[PDB]
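In what follows, a structure is listed as structure tokens, so that the remarks can point back to it.
Protein chains: 4
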Amino acid sequence: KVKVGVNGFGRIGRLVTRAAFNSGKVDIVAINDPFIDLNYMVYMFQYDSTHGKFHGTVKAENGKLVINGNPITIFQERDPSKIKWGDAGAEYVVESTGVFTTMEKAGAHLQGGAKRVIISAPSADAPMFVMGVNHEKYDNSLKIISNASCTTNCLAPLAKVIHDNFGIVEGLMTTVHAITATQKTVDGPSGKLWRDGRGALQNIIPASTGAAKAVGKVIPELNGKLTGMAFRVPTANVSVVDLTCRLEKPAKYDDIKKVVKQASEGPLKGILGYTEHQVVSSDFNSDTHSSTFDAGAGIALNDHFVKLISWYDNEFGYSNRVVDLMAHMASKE
Amino acid sequence: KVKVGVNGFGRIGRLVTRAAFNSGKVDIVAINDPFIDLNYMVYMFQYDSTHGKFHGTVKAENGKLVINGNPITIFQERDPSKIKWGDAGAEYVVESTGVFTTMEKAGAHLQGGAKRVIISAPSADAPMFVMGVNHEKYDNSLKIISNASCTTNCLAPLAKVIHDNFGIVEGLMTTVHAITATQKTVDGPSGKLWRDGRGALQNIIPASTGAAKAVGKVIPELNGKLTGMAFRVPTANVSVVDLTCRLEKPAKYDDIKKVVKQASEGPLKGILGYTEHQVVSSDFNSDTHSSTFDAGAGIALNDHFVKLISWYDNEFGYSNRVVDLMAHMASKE
Amino acid sequence: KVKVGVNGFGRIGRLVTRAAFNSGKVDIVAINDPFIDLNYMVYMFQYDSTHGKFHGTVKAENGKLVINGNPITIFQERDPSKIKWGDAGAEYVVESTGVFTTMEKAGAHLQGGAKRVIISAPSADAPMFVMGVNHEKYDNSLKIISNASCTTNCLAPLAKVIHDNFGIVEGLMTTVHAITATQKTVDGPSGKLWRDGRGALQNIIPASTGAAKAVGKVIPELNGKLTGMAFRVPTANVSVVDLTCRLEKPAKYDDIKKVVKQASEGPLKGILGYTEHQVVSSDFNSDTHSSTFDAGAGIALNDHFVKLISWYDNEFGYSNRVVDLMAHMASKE
Amino acid sequence: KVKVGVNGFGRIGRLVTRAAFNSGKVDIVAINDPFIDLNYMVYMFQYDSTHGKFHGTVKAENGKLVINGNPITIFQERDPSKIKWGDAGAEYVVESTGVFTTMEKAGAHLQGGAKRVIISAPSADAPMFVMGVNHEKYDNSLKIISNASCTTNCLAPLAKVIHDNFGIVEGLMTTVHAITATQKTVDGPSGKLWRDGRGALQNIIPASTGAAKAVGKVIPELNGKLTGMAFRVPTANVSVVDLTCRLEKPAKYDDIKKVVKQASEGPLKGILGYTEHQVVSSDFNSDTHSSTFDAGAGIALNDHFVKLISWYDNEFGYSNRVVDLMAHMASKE
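Just so you know, the sequences run in chain order P, O, R and Q.
Residues in the first sequence are numbered from 3 upward in steps of one, following the entry's author numbering.
Residues in the second sequence are numbered from 3 upward in steps of one, following the entry's author numbering.
Residues in the third sequence are numbered from 3 upward in steps of one, following the entry's author numbering.
Residues in the fourth sequence are numbered from 3 upward in steps of one, following the entry's author numbering.
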């Protein structure tokens with residue numbers, strides 16, 4: 003097995019660890035949170051409104067978070083150089099805080115002693131390896147990897163299947179995103195985007211997403227052909243991606259439906275999923291599937307011009323994929 | 003002035019009348035609601051959660067709804083043939099219930115004595131005259147007219163400006179619609195669409211919209227080049243339309259921004275509006291503008307391939323446009 | 003085991019059956035829904051936004067809803083006299099539609115052939131037997147029983163413990179109820195209460211609840227000392243009951259906390275539950291506990307004057323209690 | 003007139019100034035916000051989701067926020083000693099940030115040059131003068147005053163009328179509060195209360211309120227007889243206070259209804275308001291009334307034991323009362 007440390011007990015950090023203990027694929031040896039105390043950690047992990055209550059035992063004995071009978075060392079260090087990652091015997095360390103995206107900031111964890119650092123947020127400098135798309139391009143030499151973003155994680159598997167099968171000359175993506183921690187409850191002062199400062203509960207917030215531009219990085223051919231936008235709506239856990247694209251080769255919508263289905267049942271299993279049911283966002287809650295294609299929703303004007311709909315549990319699916327990344331990395335080692 | 007009767011005191015009916023007394027353009031002589039009593043009518047009209055409280059006096063004296071000093075005759079007849087529209091001295095009658103879209107059903111109001119019937123819901127057989135697009139094609143001979151739909155009312159003015167200026171080879175529309183009366187509070191049995199039966203508060207409901215196909219009717223050239231889909235999200239009053247289209251002639255996004263601005267300040271005034279501010283859905287609440295273009299949100303991949311964002315207050319903007327339709331019809335007479 | 007038929011596939015009906023197959027205590031032989039088709043039934047049962055997705059297999063073979071390998075006969079009869087309850091071999095039949103509360107209406111199911119009828123809605127004429135309070139007063143002679151209401155089911159166990167231990171001279175209850183099917187998404191015409199017609203998402207609806215007056219029926223001593231009111235807020239699944247009462251004998255809040263805890267761990271187990279954690283409504287979602295006391299929230303002005311807070315999953319907890327009722331009734335037989 | 007400076011452009015600060023320019027009672031000469039730039043200030047003031055769009059002109063010329071033709075000096079100073087209140091010619095300064103509640107912190111504004119400081123948050127040391135209850139006890143000698151809290155502002159006028167008329171031996175208050183800035187959109191780390199860290203949209207948060215204990219300060223007789231609790235629900239702007247109290251002298255509910263009505267139409271006008279309509283929270287949005295009694299909702303078990311319901315627009319009503327306070331203070335001078 004691979005021992006994994008987590009930096010930050012945020013939404014991503016909490017769910018990365020929940021997925022790890024559930025899946026079982028990686029054993030979480032250590033968690034570092036500058037501000038969250040051990041007693042608070044038990045509370046946060048035990049109860050999640052979006053994802054139900056953690057099943058298993060979370061307890062706080064002798065400074066150790068004992069989840070499912072496994073004690074986790076807890077660190078309270080603001081700067082990653084200070085964190086004793088090597089002493090915690092953590093092979094891989096997942097940067098989740100998100101304030102350390104740049105590879106230099108990531109390498110502070112490396113001096114701690116972590117053999118490799120994984121970034122749960124898109125990083126420009128770091129190479130990005132979305133699972134099921136470009137994961138097999140990973141090599142042992144790389145020590146800092148990014149898992150891109152939840153939106154990109156959803157988009158790319160669908161893009162990989164459609165682009166290979168029919169070709170995509172050009173594409174535009176609209177994402178109906180779910181509320182994030184960034185969005186304030188009522189109108190509030192967000193200096194960067196005045197758009198997000200506005201309250202989440204009563205508004206519909208149009209924001210800019212680089213996820214399509216990140217898919218262009220992970221899938222080389224597609225680069226420069228995908229850009230997008232996002233709407234933040236008052237939904238707690240699940241979001242939907244919509245790719246309006248002009249194919250290179252003609253395609254009937256039932257052909258599009260078939261190729262996705264074939265991919266879902268074959269190599270993109272778990273990474274991609276195909277549902278014909280009359281599904282809604284709630285049905286996709288607590289999903290493992292990074293991307294789930296909906297067949298009914300998408301409407302195609304022409305064989306060439308098609309709209310594709312794919313629902314992703316942003317918080318859960320991404321976190322499960324991070325765990326999968328690390329398991330794959332360990333196998334490559 | 004023109005005396006206008008309203009059929010149905012539903013969301014559309016209530017706001018059509020609020021707009022009428024506010025704008026002042028049409029005087030509402032009569033309202034018919036099979037199920038809503040006069041005392042209830044005062045309550046419903048006086049307080050609207052989405053649109054604030056009606057300003058003015060709504061009272062119930064001698065069987066008359068006296069709004070702003072004007073008494074409105076009230077009818078309780080389920081079938082429109084039974085309604086005494088002629089006795090109420092109503093020139094124009096606005097079908098709002100929506101169960102009488104077909105022109106035959108509409109003509110029952112005509113026997114009542116209404117010179118013309120207007121349908122606030124899209125009707126296949128009836129000719130559809132969206133204001134500011136094909137309104138000038140109205141002739142005195144026609145007695146049954148439809149104002150199409152809120153979604154189509156938003157789409158078409160934007161489509162009229164872009165298509166004329168740059169051309170549109172093909173287009174696909176995604177609408178983040180606001181909650182409707184159709185959507186149940188919690189999971190409920192909707193036989194037609196299993197999708198809508200699902201609860202509005204916690205879900206994101208992907209539905210099918212014929213509004214793009216209706217724009218193709220109102221603007222002839224565009225017919226067969228626009229189709230779409232809609233997502234129902236938990237937002238009370240305002241929705242956003244997104245047109246991803248491939249232009250025929252190249253266009254820089256700043257050129258697109260200019261032509262819309264020119265149109266907004268010139269002939270499509272009120273019908274269309276251009277805002278560069280960092281707006282959100284709430285800002286567009288209680289708007290008169292059937293369509294309001296947002297410049298910041300839309301992102302263009304290529305000069306040819308562009309995404310256009312336009313926000314519409316579905317309940318208010320449409321209702322104001324219905325009033326405008328009738329005023330235009332009266333002038334033509 | 004006891005074979006149980008369900009009338010109505012509404013929120014209560016769906017969850018009564020989910021609880022039955024999960025708990026395992028009663029085997030659901032038959033379901034009758036005048037309007038819901040078998041194919042729709044599979045959909046509704048499989049996906050619930052409030053309660054996650056049903057775990058197990060729900061399928062539709064040969065006119066039978068096969069849930070977890072057990073086929074359920076399906077009936078489409080509007081009037082209960084017409085339903086073949088005896089042919090379905092159903093011993094107990096749960097009226098859930100709620101339009102048949104009166105015992106005469108209930109007895110139509112009895113002619114169908116159901117030995118006993120259970121009403122999931124409070125019924126005046128029928129005797130009401132809340133589980134864990136007056137359940138042991140059930141006798142074989144009675145054929146029509148009511149399980150009261152979710153609100154009463156929460157209130158009474160707490161009332162039973164406090165009243166016995168310290169006495170309650172007088173009490174007033176405020177319930178922050180969760181959204182119901184009755185509440186319209188946007189302002190709508192509800193003739194009975196103008197209050198509920200108003201939209202659920204944006205409003206806070208003060209309604210009147212007879213649950214406190216029903217507790218007075220189930221616990222005789224308390225009768226005439228409890229009345230209440232309810233606020234409908236935009237929360238999907240869980241509600242909280244608040245009993246402000248003046249004790250007869252002095253009580254320190256830590257004494258109140260102890261007696262409830264003792265009751266929860268002893269005879270009122272499952273029926274009542276005590277939590278000291280910093281819980282919120284989401285934590286109580288998908289709960290079996292009809293009433294869960296929160297120790298932290300309640301504040302006592304004097305030893306005599308105390309405020310007690312208890313959270314109940316209205317949809318799930320009640321449904322589980324209905325199953326428990328029937329199991330108890332079968333044992334008594 | 004009195005020239006008033008505002009410290010902090012938060013929800014309270016923005017609405018205190020909106021009320022000031024609308025009412026007209028105080029002229030806002032200066033606003034200080036350490037983090038909010040002038041351009042951002044125009045945006046925040048112009049658009050408010052909860053309160054509609056500001057009516058009038060807000061512009062940014064020569065470093066001055068020109069609202070309705072009046073230029074407001076803008077300061078960017080974190081510490082109040084540094085702020086040039088005297089240079090801004092501001093007689094009264096409203097502390098709104100809330101981090102400077104203690105009178106020492108308040109006196110830093112005093113050295114700036116502000117003759118008097120007003121605290122929009124409850125302050126222990128500062129004397130608290132709720133309008134319409136103890137306002138006439140204000141004297142010129144006092145330089146630091148607090149306007150208590152929105153919850154206390156609602157409670158006390160109702161308490162003043164009921165206590166005087168019938169007497170209140172003891173009282174307990176439950177407030178269904180609306181979402182605040184404190185409540186995070188999704189589960190988040192709030193160290194002080196683990197309860198509030200939980201997400202506002204999906205939860206119902208039981209918190210502790212000292213407002214009842216503050217009413218005991220403003221009305222001396224009542225001190226020690228009122229305590230309470232609050233539930234944070236997902237409603238954007240309006241909340242409801244519920245006082246369950248045992249009167250000293252008998253009272254029929256229609257007598258309670260009368261005395262409140264008499265008070266509303268007489269001395270507690272604007273401060274208190276009585277409505278018999280079937281009102282809901284939305285109806286009270288953008289209200290000036292600090293407290294509005296609802297007659298229908300409250301239910302009385304006995305003449306002695308009564309439940310009283312009063313709805314308050316927390317953000318708007320309080321802010322208007324702050325303006326009224328200062329006008330009263332100026333008159334006393």
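Where is the CB? At the ideal position from N, CA and C, for every residue including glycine.
message: Does any residue of chain Q have a CB that is nearer than 7 angstroms to the CB of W87/R?
response: Stepping through the third sequence from its first residue, residue 87/R is reached at position 85. Judged by the 7 angstroms Cβ criterion, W87/R is not in contact with chain Q.
message: Any beta carbon of chain P sitting closer than 7 angstroms to that of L40/Q?
response: For the purposes of this step, residue 40/Q is identified with residue 38 of the fourth sequence, where counting begins at 1. Interface flag for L40/Q against chain P is unset, since no Cβ pair is found closer than 7 angstroms.
query: Is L228/P near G173/P, with beta carbons less than 7 angstroms apart?
result: The residue you call residue 228/P lines up with position 226 of the first sequence. The residue you call residue 173/P lines up with position 171 of the first sequence. For the 7 angstroms CB-CB criterion, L228/P and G173/P form a contact.
- prompt: What runs of the beta strand (DSSP E), each 3 residues or longer, lie entirely inside the region 108-190 of chain Q?
  reply: Within the region 108-190 of chain Q, the complete beta strand (DSSP E) runs of at least 3 residues are 118-121, 146-148, 170-179.
- request: Check each candidate in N149/R, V282/R, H57/R, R80/R and name the one with the smallest Cα separation from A329/R.
  value: On the third sequence, residue 329/R is found 327 positions in, with the first residue counted as 1. Among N149/R, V282/R, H57/R, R80/R, the Cα nearest to that of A329/R belongs to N149/R.
- prompt: In the region 188-218 of chain O, which residues sit with their C-beta less than 9 angstroms from some C-beta in chain R, listed in chain order?
  reply: Within the region 188-218 of chain O, those residues whose Cβ lies closer than 9 angstroms to any Cβ of chain R are, in chain order, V188, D189, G190, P191, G193, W196, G199, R200, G201, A202, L203, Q204, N205.
query: According to the Cβ coordinates, are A297/P and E278/P closer than 7 angstroms?
result: The residue labelled residue 297/P in the question sits at position 295 within the first sequence. The residue labelled residue 278/P in the question sits at position 276 within the first sequence. Going by beta carbons, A297/P and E278/P fall inside the 7 angstroms limit.
message: Nearest by alpha-carbon distance to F23/O: which of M331/O, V324/O, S266/O is it?
response: For this step, residue 23/O is matched to residue 21 along the second sequence. For the residues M331/O, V324/O, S266/O, the minimum Cα distance to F23/O belongs to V324/O.
query: Just how far apart, CA to CA, sit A126/Q and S151/Q?
result: Here residue 126/Q corresponds to residue number 124 of the fourth sequence, with the count starting at 1. Here residue 151/Q corresponds to residue number 149 of the fourth sequence, with the count starting at 1. Straight-line Cα distance between these residues: approximately 12 angstroms.
- prompt: Is the beta carbon of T246/P sitting closer than 7 angstroms to the one on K334/P?
  reply: Position 244 of the first sequence holds residue 246/P. Position 332 of the first sequence holds residue 334/P. For the pair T246/P and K334/P, the CB atoms are not nearer than the 7 angstroms cut-off.
query: Going along the chain, which residues of the region 263-296 of chain Q sit with their C-beta nearer than 9 angstroms to a C-beta in chain O?
result: Correct list: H279, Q280, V281, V282, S283, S284, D285, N287, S288.
query: Any Cβ of chain R within less than 7 angstroms of the Cβ of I33/O?
result: Against the second sequence, residue 33/O aligns to sequence position 31. Between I33/O and chain R, the shortest Cβ-Cβ separation is not below 7 angstroms.
message: For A161/R, tell me which candidate among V44/R, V243/R, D326/R has the shortest Cα-Cα distance.
response: Your numbering for residue 161/R matches position 159 in the third sequence. It is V243/R whose Cα lies nearest to the Cα of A161/R.
message: Tell me which residues share the same chain as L327/R and place their Cβ nearer than 6 angstroms to its Cβ, disregarding the 5 neighbours each side in the sequence.
response: Position 325 of the third sequence, counting from 1, holds the residue named residue 327/R. So the qualifying residues of the chain are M133, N149.
message: Using 7 angstroms as the threshold, is the C-beta distance between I120/P and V135/P below it?
response: Translated into the one-based positions of the first sequence, residue 120/P becomes position 118. Translated into the one-based positions of the first sequence, residue 135/P becomes position 133. Their beta carbons are not under 7 angstroms apart, which means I120/P does not touch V135/P by this criterion.
- prompt: Is the shortest distance between the beta-carbon of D244/R and the beta-carbons of chain Q less than 7 angstroms?
  reply: Within the third sequence, residue 244/R is the residue found at index 242, counting from 1. So, interface residue.
- prompt: In chain P, which residues lie less than 8 angstroms from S51/Q when you measure between Cβ atoms?
  reply: Taking the fourth sequence and counting its residues from 1, the one referred to as residue 51/Q is at position 49. Here the neighbours are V188, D189, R200, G201, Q204, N205.
message: At the 7 angstroms Cβ level, is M133/O part of the contact set with chain P, yes or no?
response: Stepping through the second sequence from its first residue, residue 133/O is reached at position 131. For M133/O, the answer is no, since every Cβ of chain P falls outside 7 angstroms of its Cβ.
task: Tell me, to the nearest whole angstrom, how far the beta carbon of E138/O is from that of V4/O; I am working on the premise that it is less than 8 angstroms.
output: For the purposes of this step, residue 138/O is taken as the residue at position 136 of the second sequence. For the purposes of this step, residue 4/O is taken as the residue at position 2 of the second sequence. Contact flag wrong, Cβ pair sits at about 18 angstroms.
- prompt: At least one CB of chain P closer than 7 angstroms to the CB of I301/O: is that the case?
  reply: Here residue 301/O corresponds to residue number 299 of the second sequence, with the count starting at 1. Yes - at least one Cβ of chain P is within 7 angstroms of the one on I301/O.
- prompt: Rounded C-beta distance between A238/R and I147/R? I'm assuming under 8 angstroms.
  reply: Sequence index remark: in the third sequence, residue 238/R carries index 236 (1-based). Sequence index remark: in the third sequence, residue 147/R carries index 145 (1-based). About 29 angstroms separates the two Cβ atoms, so there is no contact after all.
field: Alpha-carbon to alpha-carbon, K186/P and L203/P
entry: Here residue 203/P corresponds to residue number 201 of the first sequence, with the count starting at 1. Here residue 186/P corresponds to residue number 184 of the first sequence, with the count starting at 1. So the two alpha carbons sit approximately 9 angstroms from each other.
field: Backbone CA spacing between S284/R and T211/Q [nearest angstrom]
entry: Numbered from its first residue, the third sequence carries residue 284/R at position 282. Numbered from its first residue, the fourth sequence carries residue 211/Q at position 209. Whole-angstrom Cα-Cα distance: 22 angstroms.
query: Is the shortest distance between the beta-carbon of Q185/P and the beta-carbons of chain Q less than 7 angstroms?
result: Looking up residue 185/P in the first sequence gives position 183. Yes, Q185/P counts as interfacial toward chain Q.
- request: Note down, in chain order, each residue of its chain lying with its Cβ closer than 7 angstroms to the Cβ of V188/R, except the 5 sequence neighbours on either side.
  value: Against the third sequence, residue 188/R aligns to sequence position 186. Answer for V188/R: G201, listed in chain order.
Within-7 angstroms CB hit, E250/Q to chain R: What you label residue 250/Q is simply residue 248 of the fourth sequence in a count that begins at 1. Using a CB distance cut-off of 7 angstroms, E250/Q does not count as an interface residue toward chain R.
message: Taking the straight line between their C-alpha atoms, what separation do you get for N34/R and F77/R?
response: Indexing the third sequence from 1 puts residue 34/R at position 32. Indexing the third sequence from 1 puts residue 77/R at position 75. Spanning the two alpha carbons is a distance of roughly 4 angstroms.
task: Kindly list, in the order they appear in chain O, the residues whose Cβ is closer than 8 angstroms to that of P236/P.
output: By one-based count along the first sequence, residue 236/P stands at place 234. Simply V235, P236, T237.
query: Shorter than 7 angstroms from the beta carbon of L174/O to some beta carbon of chain P?
result: Within the second sequence, numbered from 1, the residue matching residue 174/O stands at position 172. A Cβ of chain P is located within less than 7 angstroms of the beta carbon of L174/O.
task: Kindly indicate which residue of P36/O, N142/O, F11/O, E223/O has the alpha-carbon position closest to the one of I30/O.
output: Numbered from 1 along the second sequence, position 28 holds the residue referred to as residue 30/O. For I30/O, the nearest C-alpha among the options comes from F11/O.
- prompt: Are any of the Cβ atoms in chain R nearer than 7 angstroms to that of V28/Q?
  reply: Taking the fourth sequence and counting its residues from 1, one reaches residue 28/Q at position 26. Taking Cβ atoms only, chain R never reaches closer than 7 angstroms to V28/Q, which makes this a no.
task: Tell me, please, whether the CB atom of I181/Q is closer than 7 angstroms to any CB atom in chain P?
output: As a working mapping, residue 181/Q is identified with position 179 in the fourth sequence. At least one beta carbon of chain P lies nearer than 7 angstroms to the beta carbon of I181/Q.
query: Between the region 98-109 of chain O and chain P, which residues of the former have CB atoms less than 7 angstroms from a CB of the latter, in chain order?
result: For the region 98-109 of chain O, which is checked against every Cβ of chain P, not one residue is closer than 7 angstroms.
task: Less than 8 angstroms between the CB atoms is what I'm expecting for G319/O and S292/O, so what's the real figure, rounded?
output: Numbered from its first residue, the second sequence carries residue 319/O at position 317. Numbered from its first residue, the second sequence carries residue 292/O at position 290. Between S292/O and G319/O the Cβ distance is about 4 angstroms, and since that is below 8 angstroms, they are a contact.
query: Using the rule of at least 16 other Cβ atoms within 10 Å of the residue's Cβ for burial, across every protein chain shown, is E223/Q buried or exposed?
result: The count along the fourth sequence starts at 1 and reaches residue 223/Q at position 221. Burial state of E223/Q is exposed, judged by a 10 Å Cβ sphere holding fewer than 16 other Cβ atoms.
- prompt: Is DSSP giving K219/P helix, strand or coil here?
  reply: Within the first sequence, numbered from 1, the residue matching residue 219/P stands at position 217. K219/P falls in the helix class under three-state DSSP.
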